[PDB]
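Shown next as structure tokens: one chain only, the form deposited in one PDB entry.
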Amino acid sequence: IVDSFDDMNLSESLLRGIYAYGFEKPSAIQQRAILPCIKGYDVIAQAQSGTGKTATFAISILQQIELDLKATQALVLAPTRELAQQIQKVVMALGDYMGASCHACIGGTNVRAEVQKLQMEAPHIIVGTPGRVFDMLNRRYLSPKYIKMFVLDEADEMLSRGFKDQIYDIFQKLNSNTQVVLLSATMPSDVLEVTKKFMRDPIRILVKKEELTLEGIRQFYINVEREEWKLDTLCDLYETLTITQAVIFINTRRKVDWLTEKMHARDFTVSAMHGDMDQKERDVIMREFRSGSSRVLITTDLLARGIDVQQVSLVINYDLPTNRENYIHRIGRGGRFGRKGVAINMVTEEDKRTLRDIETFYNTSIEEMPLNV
């Protein structure tokens, strides 16, 4: 445990970028994981939502970069285009002063423009989503020759059944000596088993499941009775609220579109976000929510992981998540870096089992919503 960025043997010009970004003291995960990452160990880093995992790996990557080698030295993957873009902006701002280059390799962007930029000069760090990154590797416009660090953010999503093969196909193009770093708020037992295909006696920084939920996010439930409409329950509640910014999670794209329309039909101002929209529209919606121009986003799990909007203080689970790990991530959209937030769960009878599994596994208190608001 190192409690000061000055105590981490970081180059002075990386420190200029850290302090310019506004950080003053390292968070708990930063105090524990930056040094092992810099030293080149494989690291599994679990830590509570919103406590600074991004800068943990960005700082470690930037300290390792050989700036005058104009070649890609580090590859970071994320499960969604929005998260990859967010991560890219953090690395680029931390690395700006020292002159590290960081390029986003994500789907839905002009390929010719990207290929020309890569042809101009290989960026030091690539942050991307797996499909586009593997495409660029396969076309040979991205070279793995000097990649010595491979970071999976949201690692347990990236190593799930639907992604692990994409990750493994990219991993095949990397040198055997590549350092591997995995970070997530959740690290379930099945994923930790999978990590042996990727990693060599790694350092494990884990959180006890009964201590994972954030103290500052008050969790509540509302029972929806059999004859009641969940839509009325949300609208009645939504009226009695003064929102700064809020996220409402829905399990399907179809239902996001439907709910957005219903809410507009009751003169509520919301915007919708999901993965079947054009990337230009996704970018606009995200930008307007980050800036505070729209106050309430209705979304799928596209935005459950990693997305950081400080002003979000309210999460509503209109549908409960289909796996318990996404519960942690969804409610973690509020309460970023020690702010107090609220999460509200709508619970129909068929939802009780799901919510019960969440409560007992994480040993967390979910209380009946009071009238205080």
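Rigid core here is just the name for the largest C-alpha set that superposes within 1.5 Å across the two forms. A residue's number is simply how far along the shown sequence it sits, counting from 1.
Chemist: Which has the higher mean CA temperature factor in the PDB entry, 55-63 or 344-352?
Modeler: Comparing averages over the C-alpha atoms only gives 344-352.
Chemist: Pick between 178-186 and 226-234: the one whose mean CA B-factor in the entry is higher.
Modeler: According to the PDB entry, the answer is 226-234.
Chemist: Can you tell me which of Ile285, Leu159, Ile87, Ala113 has the highest Cα temperature factor in the record?
Modeler: The C-alpha B-factor peaks, among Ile285, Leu159, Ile87, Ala113, at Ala113.
Chemist: Highest Cα B-factor in the PDB entry belongs to which of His124, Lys196, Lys255, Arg295?
Modeler: Among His124, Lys196, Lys255, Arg295, the highest C-alpha B-factor in the entry belongs to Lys196.
Chemist: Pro202's Cα B-factor: lowest, middle or highest third of the chain?
Modeler: Within its chain, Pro202 is a highest-third residue by C-alpha B-factor, going by the deposited values.
Chemist: Per the entry's values, where does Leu69 land by CA temperature factor relative to the rest of its chain, in the lowest, middle or highest third?
Modeler: Highest third, going by the recorded CA B-factors of the chain.
Chemist: Please say which third, lowest, middle or highest, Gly338 falls into when its CA temperature factor is compared across its chain.
Modeler: It falls in the top third of the chain.
Chemist: Using the B-factor values recorded in the entry, state whether the Cα atom of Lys280 falls in the lowest, middle or highest third among the modelled residues of its chain.
Modeler: For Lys280, the deposited C-alpha B-factor lands in the middle third.
Chemist: Where does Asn326 sit by CA temperature factor within its chain: lowest, middle or highest third?
Modeler: Its C-alpha B-factor, which the entry lists for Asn326, ranks in the lowest third among residues of this chain.
A second form of this protein, the form deposited in another entry, is not displayed here; the remarks below concern that form.
Chemist: Which one moved? Candidates are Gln179, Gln85, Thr260, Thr129, criterion is a Cα shift of 2 Å or more between the shown form and the other one after superposing on the core.
Modeler: Going through each option, the one that shifts is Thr260.
Chemist: Taking the rigid core as reference, does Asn9 move its C-alpha 2 Å or further between the shown form and the other one?
Modeler: Stays below the 2 Å threshold, so no.
Chemist: Determine whether the C-alpha of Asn138 shifts by 2 Å or more between the shown form and the other one once the rigid core is superposed.
Modeler: The answer is no; the displacement is under 2 Å.
Chemist: Given a core-based superposition, decide whether the C-alpha of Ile316 shifts by 2 Å or more between the shown form and the other one.
Modeler: The answer is yes, as the C-alpha of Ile316 shifts between the shown form and the other one by 2 Å or more after core alignment.
Chemist: At a change of 3 Å or more, would you call the C-alpha separation of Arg161 and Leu83 in the other form closer or farther than in the form supplied?
Modeler: Distance between the C-alphas of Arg161 and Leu83: shorter in the other form, by 3 Å or more.
Chemist: Would you mind telling me if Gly306 and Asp6 are closer or farther apart in the other form than in the shown form, C-alpha to C-alpha, with a 3 Å or larger change?
Modeler: Here the pair is closer than in the other form; there, farther apart.
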